[PDB]
Structure formats: structure tokens, C-alpha cells
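One file, final31.cif, is given below (mmCIF, C-alpha atoms).
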```
data_protein
loop_
_atom_site.label_atom_id
_atom_site.label_comp_id
_atom_site.auth_asym_id
_atom_site.auth_seq_id
_atom_site.Cartn_x
_atom_site.Cartn_y
_atom_site.Cartn_z
CA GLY A 4439 0.00 0.00 0.00
CA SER A 4440 1.07 3.61 -0.63
CA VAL A 4441 1.36 5.88 2.50
CA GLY A 4442 2.51 4.62 5.93
CA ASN A 4443 1.59 5.73 9.44
CA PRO A 4444 4.78 5.53 11.54
CA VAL A 4445 3.09 6.89 14.69
CA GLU A 4446 0.40 4.17 14.72
CA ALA A 4447 3.04 1.51 13.80
CA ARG A 4448 5.14 2.41 16.85
CA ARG A 4449 2.07 2.35 19.11
CA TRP A 4450 1.07 -1.16 18.07
CA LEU A 4451 4.69 -2.43 18.17
CA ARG A 4452 5.02 -1.16 21.75
CA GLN A 4453 2.11 -3.36 22.77
CA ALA A 4454 3.32 -6.37 20.75
CA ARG A 4455 6.67 -6.16 22.57
CA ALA A 4456 4.90 -5.85 25.96
CA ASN A 4457 2.88 -9.02 25.21
CA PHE A 4458 6.03 -10.99 24.37
CA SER A 4459 7.77 -9.74 27.54
CA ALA A 4460 4.73 -10.73 29.59
CA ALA A 4461 4.86 -14.33 28.21
CA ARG A 4462 7.85 -14.82 30.55
CA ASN A 4463 5.57 -14.29 33.60
CA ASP A 4464 3.70 -17.57 32.85
CA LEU A 4465 6.71 -19.78 32.13
CA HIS A 4466 6.92 -22.96 34.26
CA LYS A 4467 3.74 -22.05 36.19
CA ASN A 4468 1.26 -24.54 34.65
CA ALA A 4469 -0.05 -21.77 32.41
CA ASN A 4470 1.38 -22.84 29.04
CA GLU A 4471 -1.84 -21.79 27.25
CA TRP A 4472 -1.13 -18.26 28.51
CA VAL A 4473 2.47 -18.31 27.21
CA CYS A 4474 1.04 -19.38 23.84
CA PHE A 4475 -1.87 -16.89 23.76
CA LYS A 4476 0.46 -14.02 24.71
CA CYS A 4477 2.81 -15.04 21.89
CA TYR A 4478 -0.08 -15.36 19.40
CA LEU A 4479 -1.28 -11.86 20.31
CA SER A 4480 2.28 -10.45 20.23
CA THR A 4481 2.58 -11.91 16.70
CA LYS A 4482 -0.80 -10.51 15.56
CA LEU A 4483 -0.07 -6.99 16.86
CA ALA A 4484 3.46 -6.91 15.41
CA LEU A 4485 2.01 -7.83 11.96
CA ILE A 4486 -0.68 -5.11 12.28
CA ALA A 4487 2.09 -2.66 13.27
CA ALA A 4488 3.97 -3.47 10.05
CA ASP A 4489 0.72 -3.05 8.07
CA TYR A 4490 0.30 0.49 9.57
CA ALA A 4491 3.99 1.21 8.83
CA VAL A 4492 3.40 0.48 5.08
CA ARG A 4493 -0.30 1.17 4.24
CA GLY A 4494 -1.48 3.25 7.26
CA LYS A 4495 -4.25 0.73 7.92
CA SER A 4496 -4.85 -2.93 8.68
CA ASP A 4497 -7.59 -5.42 9.57
CA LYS A 4498 -7.86 -7.33 12.92
CA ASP A 4499 -10.36 -9.69 11.20
CA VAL A 4500 -7.60 -11.27 9.06
CA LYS A 4501 -5.80 -14.40 10.41
CA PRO A 4502 -2.10 -13.75 11.18
CA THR A 4503 -0.88 -16.26 8.53
CA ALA A 4504 -2.88 -14.42 5.81
CA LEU A 4505 -1.67 -11.00 7.04
CA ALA A 4506 1.92 -12.27 7.00
CA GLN A 4507 1.52 -13.51 3.39
CA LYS A 4508 0.56 -9.98 2.22
CA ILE A 4509 3.21 -8.28 4.36
CA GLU A 4510 5.97 -10.64 3.16
CA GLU A 4511 5.43 -9.35 -0.41
CA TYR A 4512 6.32 -5.83 0.79
CA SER A 4513 10.04 -6.71 0.75
CA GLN A 4514 12.70 -9.39 0.48
CA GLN A 4515 13.75 -8.37 4.01
CA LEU A 4516 10.70 -10.31 5.25
CA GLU A 4517 11.53 -13.59 3.50
CA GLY A 4518 10.47 -16.45 5.73
CA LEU A 4519 7.90 -14.43 7.72
CA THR A 4520 4.87 -16.44 6.66
CA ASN A 4521 6.60 -19.75 7.42
CA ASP A 4522 7.44 -18.47 10.94
CA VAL A 4523 3.84 -17.31 11.53
CA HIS A 4524 2.35 -20.53 10.18
CA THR A 4525 4.55 -22.53 12.63
CA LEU A 4526 2.29 -21.31 15.50
CA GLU A 4527 -0.59 -23.26 13.90
CA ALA A 4528 1.62 -26.33 13.51
CA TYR A 4529 1.93 -26.27 17.32
CA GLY A 4530 -1.87 -26.06 17.70
CA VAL A 4531 -1.77 -22.39 18.71
CA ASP A 4532 -4.36 -19.87 17.64
CA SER A 4533 -6.65 -17.30 19.36
CA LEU A 4534 -9.54 -19.66 20.13
CA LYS A 4535 -7.75 -22.94 20.85
CA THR A 4536 -5.62 -21.36 23.61
CA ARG A 4537 -8.85 -20.20 25.38
CA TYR A 4538 -12.07 -22.24 24.83
CA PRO A 4539 -12.69 -25.91 25.70
CA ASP A 4540 -15.49 -26.33 23.11
CA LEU A 4541 -12.91 -25.81 20.31
CA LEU A 4542 -10.62 -28.55 21.68
CA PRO A 4543 -10.99 -32.37 21.38
CA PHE A 4544 -13.07 -33.54 24.35
CA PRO A 4545 -12.11 -33.66 27.19
CA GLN A 4546 -9.01 -31.41 26.77
CA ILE A 4547 -8.97 -27.91 28.25
CA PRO A 4548 -6.40 -25.19 27.36
CA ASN A 4549 -4.55 -25.84 30.68
CA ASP A 4550 -3.95 -29.53 29.54
CA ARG A 4551 -3.10 -28.72 25.91
CA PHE A 4552 0.45 -27.32 25.66
CA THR A 4553 3.66 -28.86 27.01
CA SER A 4554 6.50 -26.70 28.36
CA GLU A 4555 8.53 -27.78 25.36
CA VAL A 4556 5.88 -26.48 22.94
CA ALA A 4557 5.55 -23.16 24.88
CA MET A 4558 9.32 -22.73 24.46
CA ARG A 4559 9.22 -23.49 20.69
CA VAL A 4560 6.34 -20.98 20.35
CA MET A 4561 8.37 -18.29 22.16
CA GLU A 4562 11.29 -18.93 19.77
CA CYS A 4563 9.02 -18.54 16.67
CA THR A 4564 7.52 -15.33 18.08
CA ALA A 4565 10.91 -13.77 18.91
CA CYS A 4566 11.98 -14.43 15.27
CA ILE A 4567 8.77 -12.95 13.90
CA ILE A 4568 9.22 -9.73 15.96
CA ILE A 4569 12.88 -9.47 14.91
CA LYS A 4570 12.04 -9.76 11.17
CA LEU A 4571 9.30 -7.16 11.55
CA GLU A 4572 11.34 -4.72 13.70
CA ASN A 4573 14.21 -4.96 11.26
CA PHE A 4574 11.80 -4.11 8.43
CA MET A 4575 10.22 -1.20 10.31
CA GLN A 4576 13.60 0.28 11.27
CA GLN A 4577 14.94 1.07 7.73
CA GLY B 4439 -32.92 -24.64 31.69
CA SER B 4440 -34.01 -28.20 32.28
CA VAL B 4441 -31.18 -30.84 31.97
CA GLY B 4442 -27.65 -30.12 33.26
CA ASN B 4443 -24.28 -31.47 32.14
CA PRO B 4444 -21.98 -31.73 35.22
CA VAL B 4445 -19.07 -33.14 33.21
CA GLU B 4446 -18.98 -30.16 30.83
CA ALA B 4447 -19.59 -27.78 33.73
CA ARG B 4448 -16.55 -29.18 35.55
CA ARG B 4449 -14.39 -28.90 32.39
CA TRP B 4450 -15.22 -25.21 31.93
CA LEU B 4451 -14.93 -24.39 35.64
CA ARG B 4452 -11.49 -26.08 35.82
CA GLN B 4453 -10.30 -23.73 33.07
CA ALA B 4454 -11.93 -20.66 34.70
CA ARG B 4455 -10.09 -21.47 37.98
CA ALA B 4456 -6.80 -21.92 36.09
CA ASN B 4457 -7.22 -18.49 34.43
CA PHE B 4458 -7.90 -16.82 37.80
CA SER B 4459 -4.83 -18.52 39.29
CA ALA B 4460 -2.75 -17.42 36.21
CA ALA B 4461 -3.76 -13.79 36.82
CA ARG B 4462 -1.46 -13.76 39.88
CA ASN B 4463 1.55 -14.39 37.54
CA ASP B 4464 1.14 -10.93 36.00
CA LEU B 4465 0.62 -8.87 39.20
CA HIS B 4466 3.26 -6.21 39.99
CA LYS B 4467 5.05 -6.85 36.63
CA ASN B 4468 3.76 -3.92 34.50
CA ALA B 4469 1.33 -6.32 32.85
CA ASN B 4470 -1.96 -5.12 34.34
CA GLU B 4471 -3.82 -5.59 31.02
CA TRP B 4472 -2.99 -9.34 31.32
CA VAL B 4473 -4.24 -9.48 34.93
CA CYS B 4474 -7.51 -7.92 33.63
CA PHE B 4475 -7.91 -10.08 30.50
CA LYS B 4476 -7.24 -13.24 32.50
CA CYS B 4477 -9.93 -12.18 35.01
CA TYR B 4478 -12.31 -11.37 32.12
CA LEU B 4479 -11.79 -14.86 30.62
CA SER B 4480 -12.07 -16.50 34.04
CA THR B 4481 -15.44 -14.71 34.52
CA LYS B 4482 -16.72 -15.67 31.08
CA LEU B 4483 -15.79 -19.34 31.39
CA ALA B 4484 -17.30 -19.62 34.89
CA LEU B 4485 -20.62 -18.26 33.61
CA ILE B 4486 -20.55 -20.72 30.71
CA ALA B 4487 -19.79 -23.47 33.23
CA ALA B 4488 -22.90 -22.55 35.29
CA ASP B 4489 -25.01 -22.50 32.15
CA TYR B 4490 -23.82 -26.06 31.32
CA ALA B 4491 -24.52 -27.15 34.91
CA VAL B 4492 -28.18 -26.01 34.62
CA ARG B 4493 -29.21 -26.57 30.97
CA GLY B 4494 -26.35 -28.55 29.39
CA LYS B 4495 -25.62 -25.87 26.77
CA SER B 4496 -24.51 -22.22 26.59
CA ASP B 4497 -23.22 -19.57 24.17
CA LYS B 4498 -19.73 -18.03 24.13
CA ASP B 4499 -20.99 -15.44 21.59
CA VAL B 4500 -23.02 -13.61 24.31
CA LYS B 4501 -21.22 -10.94 26.41
CA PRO B 4502 -20.69 -12.00 30.05
CA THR B 4503 -23.14 -9.46 31.52
CA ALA B 4504 -25.84 -10.68 29.13
CA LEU B 4505 -25.14 -14.34 30.05
CA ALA B 4506 -25.26 -13.40 33.77
CA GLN B 4507 -28.70 -11.77 33.34
CA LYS B 4508 -30.07 -15.15 32.12
CA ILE B 4509 -28.22 -17.21 34.74
CA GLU B 4510 -29.24 -14.96 37.69
CA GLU B 4511 -32.85 -16.12 37.09
CA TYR B 4512 -31.88 -19.75 37.86
CA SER B 4513 -31.73 -19.40 41.65
CA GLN B 4514 -32.01 -17.04 44.63
CA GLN B 4515 -28.49 -18.22 45.39
CA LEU B 4516 -27.39 -16.15 42.36
CA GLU B 4517 -28.98 -12.83 43.46
CA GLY B 4518 -26.74 -9.89 42.40
CA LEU B 4519 -24.77 -11.87 39.78
CA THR B 4520 -25.49 -9.51 36.88
CA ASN B 4521 -24.22 -6.44 38.75
CA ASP B 4522 -21.23 -8.45 40.04
CA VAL B 4523 -20.24 -9.30 36.43
CA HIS B 4524 -20.91 -5.80 35.16
CA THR B 4525 -18.13 -4.50 37.52
CA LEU B 4526 -15.54 -5.53 34.90
CA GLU B 4527 -17.00 -3.22 32.22
CA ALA B 4528 -17.35 -0.45 34.85
CA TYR B 4529 -13.54 -0.71 35.42
CA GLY B 4530 -12.90 -0.45 31.64
CA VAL B 4531 -12.28 -4.19 31.27
CA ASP B 4532 -13.58 -6.25 28.39
CA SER B 4533 -12.15 -8.63 25.75
CA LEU B 4534 -11.11 -5.99 23.23
CA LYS B 4535 -10.07 -3.04 25.43
CA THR B 4536 -7.50 -5.15 27.26
CA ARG B 4537 -5.92 -6.18 23.91
CA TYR B 4538 -6.27 -3.70 21.02
CA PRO B 4539 -4.98 -0.07 20.86
CA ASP B 4540 -7.62 1.01 18.24
CA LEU B 4541 -10.29 0.59 20.96
CA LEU B 4542 -8.51 3.02 23.25
CA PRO B 4543 -8.13 6.82 23.17
CA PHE B 4544 -4.89 7.71 21.40
CA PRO B 4545 -2.03 7.33 22.38
CA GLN B 4546 -3.07 4.75 25.04
CA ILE B 4547 -2.16 1.06 24.67
CA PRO B 4548 -3.41 -1.76 26.92
CA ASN B 4549 -0.03 -1.82 28.76
CA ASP B 4550 -0.64 1.70 30.15
CA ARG B 4551 -4.42 1.64 30.50
CA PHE B 4552 -4.84 -0.14 33.88
CA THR B 4553 -3.42 1.07 37.22
CA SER B 4554 -2.20 -1.49 39.73
CA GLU B 4555 -5.14 -0.43 41.93
CA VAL B 4556 -7.63 -1.17 39.16
CA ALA B 4557 -5.88 -4.54 38.64
CA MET B 4558 -6.39 -5.36 42.34
CA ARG B 4559 -10.08 -4.28 42.34
CA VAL B 4560 -10.66 -6.45 39.26
CA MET B 4561 -9.16 -9.49 41.01
CA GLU B 4562 -11.44 -8.86 44.01
CA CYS B 4563 -14.50 -8.50 41.70
CA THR B 4564 -13.56 -11.73 39.92
CA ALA B 4565 -13.22 -13.52 43.30
CA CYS B 4566 -16.83 -12.45 44.15
CA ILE B 4567 -18.16 -13.80 40.83
CA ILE B 4568 -16.33 -17.13 41.18
CA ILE B 4569 -17.51 -17.51 44.77
CA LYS B 4570 -21.16 -16.98 43.80
CA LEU B 4571 -21.07 -19.33 40.82
CA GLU B 4572 -19.00 -22.07 42.52
CA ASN B 4573 -21.24 -22.15 45.60
CA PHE B 4574 -24.30 -22.47 43.35
CA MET B 4575 -22.78 -25.33 41.31
CA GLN B 4576 -21.95 -27.30 44.46
CA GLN B 4577 -25.76 -27.50 44.14
#
```
Go ahead and render the structure in this file as C-alpha cells.
Amino acid sequence: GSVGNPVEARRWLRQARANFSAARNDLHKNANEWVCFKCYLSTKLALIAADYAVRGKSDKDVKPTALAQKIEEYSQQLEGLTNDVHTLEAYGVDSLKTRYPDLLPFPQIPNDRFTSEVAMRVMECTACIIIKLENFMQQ
Amino acid sequence: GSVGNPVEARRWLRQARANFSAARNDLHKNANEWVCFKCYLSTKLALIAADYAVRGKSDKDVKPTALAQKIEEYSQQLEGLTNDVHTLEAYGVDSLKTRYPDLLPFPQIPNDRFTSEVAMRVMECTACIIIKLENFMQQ
């Protein structure tokens, strides 16, 4: 898209970074669904930040993997972004499955769903996503 | 409602209790929006649990205060529930305002929206809700 909004981009990135920092508060506390939801939301907000940075607008209705696909076309600097973002799904992480039992295979609840190993792999993916996007927004 | 599902009720309540416990992880860590969202989700899932316990079905597409209005009618034991649940909205807490900057007056982000005092009042309000619903479900 044509004209970017750097003020709004910075605002959303600030929150994305806060969400990733806060994921540390739930580590090794039997709250792995909260590590994963925080990382999912960090990822979503960082992508929306980048969308503001380029186009001055976004959509919170669009799934992160689809937002990442559009954003990745903005520059070769973002190569690999969509693969990173899609890895969250591969670990069974999305907005609804980290929160609601009716979306999980009976009888699982979110508190039962994610191992500490998975929460760690999800943090690694998220850190890489934020780094690719911060690099791109720095220019 | 006429036929309850105690197994589903227990599933949902187990997750609500886990969310309320997880809220403690974010206290005094500059993550008050996460304290509030966790308490919001705890409240919502406990209401859904009570709805399962009474009629064996619910809706997660209804706002918590609206669900509480229906549930309050189930028993004298639940007197005051609707107002108890409405406290969250009164303190500026709901699903979107604890997560998304575009819902907040510029330049505010969730990470600077909630004071530590508001975070504490929200935990106390959530305690009151959980108490009322848990006592009722121990029918």
C-alpha cells in the first residue's frame, strides 16, 4: 500500500513487545496456554504494526498467517515471515484454541493442551517474527 | 434450563479457575492488562460453566453481563450476579479493550491503561463472581 503511518506503527509495536515480555511471567507455572496466547497476540499486533507502517491501515479480522503472506510481499527483508507465523498453527496455537474448551478435542482444556517444550518453541518462533518485523520497520 | 451437564460444567470451571490462578503471575510486573484479560476470561468461562450445569448448553458469543442476566434467574443463590459481572465493564475491562490499541483513546495502549489499583479491584471483583457461581454449582 502507498502511505505509511509511523506513529500508529510504533504504538502497536510497543504493545506487541509488551505481550512478548509478559509471556515470561507464565513460564513454568502450569499456564502454558497463557504463554502461547500471549505469543499469538504479540505476533498478531506486530504484523498489524507493520501493516500500519506500510499502508497506514490494517484489519484485525484477518488471520495472522494471511496477514503475513501480504506483508511478506512488501520486501525481500521479510523472506520467511509467513513460514514463521504458520509454525504457530503447527503447534496447535491460535486465538480460540488457547482459550475455549469447546474448540478442543473432548475432554481437553487449554490448561492440559500445551507442554512446556511447545511453549518454548512458540516463544522462539515469536521472537523471530518480531525481529524480522522490527528490522523491516527500522529502515 | 431443564437438563444439566456436570461433566462439561466441571471442564469449563477447571479452566476458569486456572485463568484466575494465572492472573497472579502478571501482578506487579507492569502487565496489568494481562491481569484484567485473564480475570475477564475466568469470569466468562465460569458463567458458561454454570449454564452447562443447569441446561447442558450455553453460548460463548453472548457478552458476560448478558449471560449473567439469564443465569441470575436460575436461583435465589445467584442474586446480584449480573451487577457483580458488570463490575468488569465499569472498570474499563472487556475482551477488546485489554488487547487492542484502536479501541482506546490515542495514544493509550493496553499496557498503560490499567493502574495497579484497578488490577487489584478487578481481582477482588472476579473472586466475588467465582464464589457466587462455585457455591451455586456445588448444588
Might you spell out which residues the PyMOL selection byres ((chain B) within 10 of (chain A)) would select in the displayed file, as number ranges by chain?
-> B: 4445-4446, 4449-4450, 4452-4454, 4456-4457, 4459-4465, 4467-4472, 4476, 4479-4480, 4483, 4498, 4537-4540, 4544-4550
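Restricting the calculation to all atoms listed in the file, the smallest distance between residue 4496 (chain B) and any of B:4573, B:4447, B:4531, B:4510 is found for B:4447.
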Convert the output of the PyMOL selection byres ((chain B and resi 4440) around 12) on the shown file into explicit residues, formatted as a list in words.
-> residues 4439, 4441, 4442, 4443, 4489, 4490, 4491, 4492, 4493, 4494, 4495 and 4512 of chain B
Reference answer for the PyMOL selection byres ((chain B and resi 4485) around 12), as a VMD selection string = chain B and resid 4447 to 4448 4450 to 4451 4453 to 4455 4478 to 4484 4486 to 4492 4495 to 4498 4500 to 4510 4516 4519 to 4520 4522 to 4523 4564 4567 to 4572 4574 to 4575
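Matched residue by residue and fitted by least squares, the Cα atoms of chain A sit at an RMSD of 0.4 Å from chain B.
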What are the centre and edge lengths in Å, to one decimal, of the axis-aligned box around all listed atoms of region 4498-4509 of chain A with 3 Å added on each side, as lines of an AutoDock Vina configuration file?
```
center_x = -3.6
center_y = -11.8
center_z = 7.6
size_x = 19.6
size_y = 14.9
size_z = 16.7
```
Please provide the set of residues having any atom within 8 Å of region 4525-4529 of chain A, restricted to all atoms listed in the file, with same-chain residues fewer than 6 positions apart removed, written as a list in words.
-> residues 4478, 4556, 4560 and 4563 of chain A
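You will find CA of residue 4551 (chain B) at 13.7 Å from CA of residue 4533 (chain B).
CA of residue 4541 (chain B) lies 25.7 Å from CA of residue 4565 (chain A).
Across the model, the gap from CA of residue 4562 (chain B) to CA of residue 4458 (chain A) is 26.4 Å.
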